[PDB]
Each structure stands twice: as structure tokens, then as C-alpha cells.
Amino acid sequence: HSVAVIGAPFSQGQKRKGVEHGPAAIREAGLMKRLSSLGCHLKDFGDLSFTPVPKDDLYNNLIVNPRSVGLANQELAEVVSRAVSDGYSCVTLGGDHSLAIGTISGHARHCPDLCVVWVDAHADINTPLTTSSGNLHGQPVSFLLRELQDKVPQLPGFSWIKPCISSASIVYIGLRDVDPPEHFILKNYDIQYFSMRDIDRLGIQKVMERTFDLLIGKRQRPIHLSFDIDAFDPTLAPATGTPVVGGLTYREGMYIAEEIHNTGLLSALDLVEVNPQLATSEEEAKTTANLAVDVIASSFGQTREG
């Protein structure tokens, strides 16, 4: 199958400097030639350059870089819909997870019935209303779920975003650090998730059976994999903004990816939050980058059996 690669060097969804280098790190870890090695037909859109927004201040005094994030995502959305439109499976390399706003919005533009698999240590479902930090990379899901739009203040530059997917079309895997408001939202709207605790009881295998039952149980449909590198234990992925011990194992991470590929329904994938600068050493940075590449490669066919 054909794969498209887009580098999104964005970092204004949070305050740590360095996530804008994520794309370069992953690329330098051999992502590209690793993909043809599988046999994929490649289309590299290069690394996007987003238009900054001068004097983009706090909305209501906490939401950070609203219109800067809204514009970058609007641009990314057009490139992603373009690739998905030409039949490509879109691979977006992040910066921060706020980019999921644009990639899922651009993807949904052509595959309205898409479902989402969110692999992350966090739920990123805070709204401008419940956030404590004001950092938009922890609010992506808010602006995408239809049942939430009534409790999601509209931010400057977010005009264009239009809530698409239903709360039943997204499943979380790996949650291990959820804020109380986020927990209220997940329970209230019955959003399905499998925390590390659920994985400790059911096992990654049983977890994937179910998430696919929820999403594609009654019918085939486009799958969107938004993979946050911090979903892996910090010992496996040091180079990241918000590490949280007790994460996914290298095998589990690879198992999730392998299982998604076996569905044959992957239409778009996000690999985000890889921050080279936050690594203690050169090796730590390289370890994370390689881990990122493995997840992507494995999502497109790479096997542990050959």
C-alpha cells in the first residue's frame, strides 16, 4: 500500500522547547528507508513550515497560543486531507499532540466514518474550560468529540474546526495519568478506554480484541492511530515532555501496532511528542527516535518474525 509522510515541527501546543525537532530525529533514525524496506510506496511531503501568529496571548488568561495552534492545525489539516484524498495512508510526525486536531480534522474530511485509537499515557481530553495548564496539547480530543462541543469554549483561531467523531468512535490505550475533570468526561460520555491497570488485568492481547470490537465490530472503517510516544515507559522513551512511569512495554507497543496493521484498515497515523532536547544523553535521544520508527514500521507491516 502507499504511505505519505508529513513532518509537523510544531511546538506551541505546550511550553517545552524541542518537540519541533521530533520530525528530524525520527527521520534521522531511518524512518524513510525503513518504510520502503517493507515495500511501501512513499510520498514525502517534507516538513511543513507553519505561519507563526505574533502577539497570540492567553485567552481568558490561561489558554496558551490559541490562534497559533489553530492556524498550524488548519494548515496541517489541508495537507493531510490532500494525501488521504490521493489514497495515501497519512503518517504525521509531530511536535506536540495538539497536531491531532489538524490531522484528525483533515482525515475526517474524506473519511467521515473513521474511528480513532489513542495510545497515550494521558487522555488529552481537557477542554479550555477544565485545563489547569492552558497547554493545548492536553486538549486535542475536546475539539473533536461531538457530545462535548457544548462544554468546549470556542478559542480564537478555532473557528474552522468542526466536531466530527462521536464519543463511541474513539478508544484509549495506556492511560495512567488522568486529571479528575478528564475522568468525569470519560465516564459521563461513556468513552471507552484501557488504562495500564486494565492492561495489567486483561493483557494487551485481550485489550486489542475489545478495542476492535468496539470500533470495527459491526463494520469495516478507516482507522486513525494517534500514538503518543509517552505511552511507552520512560525507560524506553526518555526523550519526551511528560514522562510517566508504569508505561507500555516495548513488546506491548509493538503488539498494538502489529495488531492494527493486521486489520488492514489503517488510514492515518500520528507519532508525537518526541523531544530530542529533553534527553539526558545522545543515546537516550536516539533510543526514543528508534522506538518511534519501530512503532510506525510495525504499524505498516514490520514483523518480529520476518
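For clarity, a rigid core is taken as the largest C-alpha set superposing within 1.5 Å between two forms. Just count from 1 along the sequence shown to find any residue number.
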Farther-lying stretch by C-alpha RMS in 9 other deposited structures of this protein (rigid core fit) among 239-247, 48-56 = 48-56
According to the deposited model, is the average Cα temperature factor higher in 221-229 or in 105-113?
-> 105-113
Between 83-91 and 119-127, the record assigns the higher mean Cα B factor to 83-91
Per the coordinate record, which of the options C40, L266, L271, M254 holds the highest CA temperature factor?
-> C40
The residue of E182, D190, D200, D96 with the maximal C-alpha B-factor according to the PDB record is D190
Cα B factor band for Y172 (lowest, middle or highest third within the chain) | lowest
Using the B-factors in the PDB entry, rank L76's C-alpha atom against the chain and give the third, lowest, middle or highest.
-> middle
When the modelled residues of the chain are sorted by Cα temperature factor, does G157 land in the lowest, middle or highest third?
-> middle
Relative to the other modelled residues of the same chain, rank the CA B-factor of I26 and answer lowest, middle or highest third.
-> middle
If you rank the chain by CA B-factor, which third does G13 end up in: lowest, middle or highest?
-> lowest
